[PDB]
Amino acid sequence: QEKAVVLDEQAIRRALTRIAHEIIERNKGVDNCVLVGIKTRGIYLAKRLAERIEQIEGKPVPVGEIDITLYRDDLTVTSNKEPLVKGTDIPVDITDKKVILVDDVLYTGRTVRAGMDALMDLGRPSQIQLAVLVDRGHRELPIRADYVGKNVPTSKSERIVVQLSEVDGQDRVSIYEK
């Protein structure tokens, strides 16, 4: 191989179920919670989390979306990417609510920073928490996940690839060199 599998299909499901239980334990229930996915894959994970939480607790948790594209300022291969928020769609008011941002992979933190800015443009949440499927390290901003599916040690020359059915017809997270 040129890649290694760091979360297989069963492990992604197990991670999400653990995250769902952790959100319930931390918030003592889900009363005023709202899940907001970052980018297409984060939006799909948020919907999966909302489905699990509904199975556990029998209350529906609303799910919204923040659409973001990351750009480099140059022609090089820097992880230092600058986010642009392209759109939002959250179906409920977030003021005085507990918003849980959902990110597929936490790396630099720069996408999560943009997500937080976008939320504050829309309302005044009492809290913003962060759930991530993979934390690969190498923060460039002082950002930490509240809920982590799997910690995956990485170097900056490695890339994480996330496949989910809804987007690839398969669920898998892999790591490659280069």
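Quick note: we count residues from 1 along the sequence shown, nothing fancier.
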| item | value |
| --- | --- |
| Between 123-131 and 38-46 (mean CA B-factor, as deposited), the higher | 38-46 |
| Mean C-alpha temperature factor, higher of 56-64 and 108-116 | 56-64 |
| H21 - Cα temperature factor, lowest/middle/highest third of chain | lowest |
| Entry-reported Cα temperature factor of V162, expressed as the chain third it lands in | middle |
| For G137, the third of its chain into which the C-alpha B factor falls | middle |
| For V77, the third of its chain into which the C-alpha B factor falls | highest |
| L70 - Cα temperature factor, lowest/middle/highest third of chain | highest |
